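Asker:
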Amino acid sequence: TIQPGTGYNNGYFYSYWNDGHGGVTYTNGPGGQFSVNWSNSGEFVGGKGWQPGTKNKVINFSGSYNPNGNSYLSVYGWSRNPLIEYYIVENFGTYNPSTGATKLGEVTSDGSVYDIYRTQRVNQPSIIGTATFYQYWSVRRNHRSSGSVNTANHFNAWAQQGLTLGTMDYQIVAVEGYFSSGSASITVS
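Position in the sequence shown (from 1) plus 1 gives the number in PDB author numbering.
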């Protein structure tokens, strides 16, 4: 299992972060593979992809995702100027991250309708330090742990709705958890 941080493994950018609570391990495997095992964790995010991402990447992912509690499996990334944290959520555990969020439309992509939302994080950690910034969400209605994500369909639908992205920073397939347990093994390409 590896130290929290970022870097490159077998051609892929990776990012692994946690809040120091304990109870989560992250491992890099061959190619685009990574695994996460967690048991009564704190908050964490780990996954593989690209730095920088693009606005027309077709991301493929496959494997297993078995959360027990609060967790997401998403295409996850950021833009700068404007600072935006975004998710294309393919599956989740006990909590739908759009709960209580304002719905900004729908988009159909890669075999499912997704509901679109915007939320705001206030004075929270970001790629540029503590900040207030928007989050954009596409939440897949039909949950899965393998498939293909045509990111352009999401980014274009967001743009149509007034949810504009700046310059892309990293873009990964991420397993996120908040004080939960689980296991996941995902291969990205």
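Yeah, the Cβ is synthetic: ideal placement off N, Cα and C, and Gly gets one too.
Helix, strand or coil, according to DSSP, for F180 in the structure here?
Answerer: Looking at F180 - three-state DSSP - the assignment turns out to be coil, as it is neither helix nor strand.
Asker: State buried or exposed for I173, treating a residue as buried only when at least 16 other CB atoms are found within 10 Å of its CB.
Answerer: Label assigned to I173: buried.
Asker: Note down the Cα distance separating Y17 from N11, rounded to an integer number of angstroms.
Answerer: Near 15 Å, if we compare the C-alpha coordinates of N11 and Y17.
Asker: Helix, strand or coil, according to DSSP, for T165 in the structure here?
Answerer: Coil at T165, not helix or strand.
Asker: Which term fits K104, buried or exposed, when burial requires 16 or more other beta carbons within 10 angstroms of its beta carbon?
Answerer: Counting Cβ neighbours within 10 Å, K104 comes out exposed, since fewer than 16 surround it.
Asker: Touching or not, the stretch 153-169 and the stretch 110-128, by the rule of three or more beta carbon pairs under 8 Å?
Answerer: Contact holds: three or more Cβ-Cβ distances are below 8 Å.
Asker: Starting from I85 and walking both ways along the beta strand (DSSP E), at which residues does that stretch end?
Answerer: Element bounds for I85: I85 to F93.
Asker: Which residue from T131, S181, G101 and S110 puts its Cα closest to that of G24?
Answerer: Among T131, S181, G101 and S110, the Cα nearest to that of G24 belongs to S181.
Asker: Name the one or two DSSP bridge partners that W138 has.
Answerer: Answer by DSSP bridge pairing, in chain order: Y88 and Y118.
Asker: Starting from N151 and walking both ways along the beta strand (DSSP E), at which residues does that stretch end?
Answerer: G148 to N151 is the extent of the beta strand (DSSP E) around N151.
Asker: Taking the alpha carbon of residue 1 as the reference point, which residue from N151, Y66 and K56 has its own alpha carbon closest?
Answerer: There is no way to answer for residue 1, as the model of the chain reaches only from 2 to 190.
Asker: For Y171, list the residues DSSP reports as bridge partners.
Answerer: Partner(s): none; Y171 has no beta bridge.
Asker: At the level of alpha carbons, what is the spacing between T109 and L74?
Answerer: Taking the straight line joining both Cα atoms gives about 18 Å.
Asker: Can you list, in chain order, the stretches of the beta strand (DSSP E) that have 3 or more residues and sit fully within the stretch 4-45?
Answerer: You should have 6-10, 13-19, 25-29 and 34-39.
Asker: Just mark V46 as buried or exposed, buried being the case when its beta carbon has 16 or more other beta carbons within 10 Å.
Answerer: Per the 10 Å Cβ criterion, buried.
Asker: The beta strand (DSSP E) that contains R145, what's its start and end?
Answerer: Element bounds for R145: n/a, residue is neither H nor E.
Asker: For a quick check, are the C-beta atoms of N69 and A185 less than 9 Å apart?
Answerer: Not a contact, by the Cβ cut-off of 9 Å.
Asker: Taking all protein chains shown into account, do 16 or more other C-beta atoms lie within 10 angstroms of the C-beta of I60, making it buried, or fewer, making it exposed?
Answerer: Label assigned to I60: buried.
Asker: With a threshold of 16 other CB atoms inside 10 Å of the CB of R141, please say whether the residue is buried or exposed.
Answerer: Buried, by the Cβ-count rule.
Asker: Determine the contact status of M169 and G33, defining contact as a CB-CB distance below 9 Å.
Answerer: Not closer than 9 Å, so no.
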